[PDB]
Amino acid sequence: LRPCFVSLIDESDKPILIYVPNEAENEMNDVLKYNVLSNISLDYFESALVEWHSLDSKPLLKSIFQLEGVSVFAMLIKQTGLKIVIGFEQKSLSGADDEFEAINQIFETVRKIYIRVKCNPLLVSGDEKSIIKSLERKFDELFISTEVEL
Amino acid sequence: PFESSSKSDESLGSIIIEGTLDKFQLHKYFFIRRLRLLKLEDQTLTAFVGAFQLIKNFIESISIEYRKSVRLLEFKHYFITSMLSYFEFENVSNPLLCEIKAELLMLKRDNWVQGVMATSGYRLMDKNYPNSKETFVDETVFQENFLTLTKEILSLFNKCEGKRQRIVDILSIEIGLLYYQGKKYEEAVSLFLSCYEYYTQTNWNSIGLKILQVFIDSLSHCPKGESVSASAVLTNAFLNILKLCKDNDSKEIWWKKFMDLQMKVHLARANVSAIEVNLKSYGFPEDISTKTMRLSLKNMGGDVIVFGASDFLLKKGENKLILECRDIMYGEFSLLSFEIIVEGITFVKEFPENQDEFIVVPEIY
């Protein structure tokens, strides 16, 4: 219900943003664990004969992993070479299938948010700086800041 | 007379859908072990990943209530007896170190067990145990001894597979705590700390920004292509590119020249802080070529010694400069005082030869 990071990598194996929620206002330096978890999943693209992909129609939620306190996976659409991944904190994890398809559909919501901000020509040549802040500014309300809506 | 694996998966799903019992998933574990012994000599390992998913669901069944060694010790004990993934099939010329990956994940589970359950210190400085009895590590120095023996035996044994470059490109690049847990001068462990730290600089940053933070303490108070005096300056003075904060924490901006303040030999650099852009080159007084150059500024200090160059189609002309430019702001009018003209700018003089900028360590561009 809350991701522990958000990571974005394009097709050249360059990480676009390894975003971590709440690194200010709360605990630091586990972001140093978070990006190397992302790099473990980056060179753990396909290894030791474990295949995540069998359906080529829509890229669904692929194989779950669990490593040293988090629960990560991958969702390779194979469309424009986008390789985005999401982990979850295992300490609050119920492990159901509506949870599993729920994180599948919120993975498609963050896919929607990236493909919306990918083609916003209100500012042009937004490719290096404050595109990142803008997409972080669109990240940080879809999973949190629901506390005052009621 | 037989039925295929689809009936096995559907019978496993139907045995999962059968409910209301009060066992510790022994009805699932029976069919999981039968599918495991049906899934051994296939040379496939995908059903071994399904067995890993069965181990993950068993870990979630133990992790429904497991905290503070009241039942966290029970979950770690159930995983240590669930190390029969390592103790069922273990053979050479197998399907490429899937057992080594499973033993690496089980070693992570055992490291989490030792670093949990009223434990002291931190092998990885991890704190993977959040807020919530095999007795293998009876001392804190023995906790480092029994785990660095574990994390080096299981490091390159997973590299015996097809070439993944996955764990030992990162975890054997994570040998910072292998000797700099407390021992200062890591000259013995200098094979990956201050030798090939650029493999995350050439990759995405802020991983190497802490790897280089402990790749200077092997030379901050330690003496004596492993021969240098201050020639480890690409990690010391050219670490300002990954140092995003310079105006704050300028000890990454003081020690770039304070290492050279008692220097003495040259090297190369990218000049990726101060960019340089050309302009309209004009004419000047007698035998003065005098090109026009604009230079950016992101580094702090000044008083350079530099020249520009422009090769012709045969030989370099090296259209020089005043070499006292003292670059403080962006796009400033660099003088580029140039003599020894190669035939009056003969139009094959294409500006390909670089514009270096030396402050006893050269910066080509």
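Which translational diffusion coefficient, to the nearest whole µm²/s, is obtained for region B:257-365 from the Stokes-Einstein equation, given a Kirkwood hydrodynamic radius over C-alpha pairs, 4 °C and 1.567 mPa s?
Values: Rh = 14.7 Å.
Taking Rh from Cα pairs, D becomes 88 µm²/s.
Count the net charge of all other residues whose Cβ sits under 13 Å from the Cβ of B:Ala118, scoring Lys and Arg as +1 and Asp and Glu as -1.
Details: positive: B:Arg67, B:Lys68, B:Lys76, B:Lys133; negative: none.
Here the charged neighbours net out to +4.
Springs between alpha-carbon pairs under 10 angstrom, Gaussian network model over chain A: which of A:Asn22, A:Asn104, A:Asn39 fluctuates most?
A:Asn22
For peptide A:60-66, how many partner chain Cβ atoms fall within 10 Å of a residue's Cβ, on average? Walk me through the intermediate numbers first.
Numbers: counts 0, 0, 0, 3, 3, 4, 10.
Mean partner-chain Cβ count within 10 Å for A:60-66: 3.
Using only alpha carbon positions, build the gyration tensor of region B:1-126, then give the equivalent ellipsoid semi-axes as the square roots of 5 times its eigenvalues, largest first, whole angstrom.
Details: eigenvalues 168, 88, 17 Å².
The equivalent ellipsoid of region B:1-126 has semi-axes of 29, 21, 9 Å.
If you keep only loop residues by DSSP, which chymotrypsin sites (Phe, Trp or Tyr not before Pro) in region B:302-353 have at most 16 other Cβ atoms within 10 Å of their Cβ?
On the way: sites: B:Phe307, B:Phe312, B:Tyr330, B:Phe333, B:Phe338, B:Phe347; in loops: B:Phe307, B:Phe312, B:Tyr330, B:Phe338, B:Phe347.
The qualifying sites are B:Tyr330, B:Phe347.
On the principal axes of its Cα set, how long, how wide and how thick is the protein assembly as shown? Give whole Å, largest value first.
101, 56, 55
Enumerate by residue number the chymotrypsin sites (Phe, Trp or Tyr not before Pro) in region A:78-119 meeting two conditions: DSSP loop (anything except H, G, I, E, B), and at most 14 other Cβ atoms within 10 Å of the site's Cβ.
Details: sites: A:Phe88, A:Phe100, A:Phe107, A:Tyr114; in loops: none.
For chymotrypsin sites (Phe, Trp or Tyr not before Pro) across region A:78-119 that sit outside H, G, I, E and B with at most 14 neighbouring Cβ atoms in 10 Å, the list is empty.
How big is the C-alpha Rg of chain B next to the rule-of-thumb value 2.2 N^0.38 Å, as a ratio? Show your work: numbers first, answer last.
On the way: Rg = 30.8 Å, N = 365, 2.2 N^0.38 = 20.7 Å.
For chain B, the normalised Cα radius of gyration is 1.49.
Can you give the average number of partner chain beta-carbon atoms within 10 Å of each beta-carbon in peptide B:43-50, as a whole number? Kindly include the intermediate steps, with their values, before the conclusion.
Values: counts 1, 2, 4, 4, 0, 3, 6, 1.
Taking the mean over all residues of the peptide, I get 3.
Ranked highest first by the average count of other Cβ atoms within 10 Å around their residues, in what order do B:27-34, B:88-95 fall?
Values: B:27-34: 15.2, B:88-95: 12.2.
Listed from highest to lowest mean packing, they are B:27-34, B:88-95.
Report for region A:5-142 the percent antiparallel among DSSP-assigned beta bridges with both residues inside it, nearest 5. Before the final figure, lay out the partial values.
Numbers: 13 of 13 bridges.
Close to 100 percent.
List the extent of the Cα atoms of region A:5-142 along each of their three principal axes, largest first, rounded to whole Å.
Cα extents, longest axis first: 42, 40, 29 Å.
Can you give the alpha-carbon Rg of region B:153-294 over 2.2 N^0.38 Å, where N counts its residues?
On the way: Rg = 20.3 Å, N = 142, 2.2 N^0.38 = 14.5 Å.
After normalising by residue count via 2.2 N^0.38 Å, the value is 1.41.
Before anything else, pin down the relative contact order of chain A: Cα pairs under 8 Å, at least 6 apart, normalised by residue count, whole percent. Don't skip to the end; give the middle numbers.
Details: 145 pairs, mean separation 35.8, N = 150.
Relative contact order here is 24 percent.
Which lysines have a Cα less than 16 Å from the Cα of B:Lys315, not counting those fewer than 8 places away in the same chain?
Correct list for B:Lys315: B:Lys349.
For peptide B:157-170, what's the mean number of Cβ atoms from other chains within 10 Å of each residue's Cβ?
Working: counts 0, 2, 0, 0, 3, 3, 1, 6, 2, 10, 4, 1, 3, 7.
Mean partner shielding for this stretch: 3.
Taking N as the number of residues in region A:36-97, what is its alpha-carbon radius of gyration divided by 2.2 N^0.38 Å? Walk me through the numbers before you get to the answer.
Numbers: Rg = 12.2 Å, N = 62, 2.2 N^0.38 = 10.6 Å.
Output field value: 1.16.
Within region A:59-150, which GluC sites (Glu not before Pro) sit in a loop by DSSP and count at most 12 neighbouring Cβ atoms inside 10 Å?
Working: sites: A:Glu68, A:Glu89, A:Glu99, A:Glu101, A:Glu108, A:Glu128, A:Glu136, A:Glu141, A:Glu147, A:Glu149; in loops: A:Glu68, A:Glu128, A:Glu141, A:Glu147, A:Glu149.
Filter output for region A:59-150: A:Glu128, A:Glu141, A:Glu147, A:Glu149.
Please go through the residue pairs A:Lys138/B:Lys76; A:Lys78/B:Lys101; A:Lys138/B:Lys56 and name each one whose alpha carbons sit more than 30 Å apart in this structure.
Values: A:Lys138/B:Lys76 40 Å; A:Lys78/B:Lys101 26 Å; A:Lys138/B:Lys56 33 Å.
Exceeds cut-off: A:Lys138/B:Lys76; A:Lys138/B:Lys56.
Order A:56-65, B:287-296 from most to least packed using the mean count of other Cβ atoms within 10 Å. Spell out each step's value before the answer.
Values: A:56-65: 14.1, B:287-296: 16.5.
Listed from highest to lowest mean packing, they are B:287-296, A:56-65.
None of the figures in this text is laboratory data; all of them are computed from the coordinates on show. Note that each Cβ is placed from the backbone with ideal geometry, even for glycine, and that neighbours are counted across all protein chains shown.
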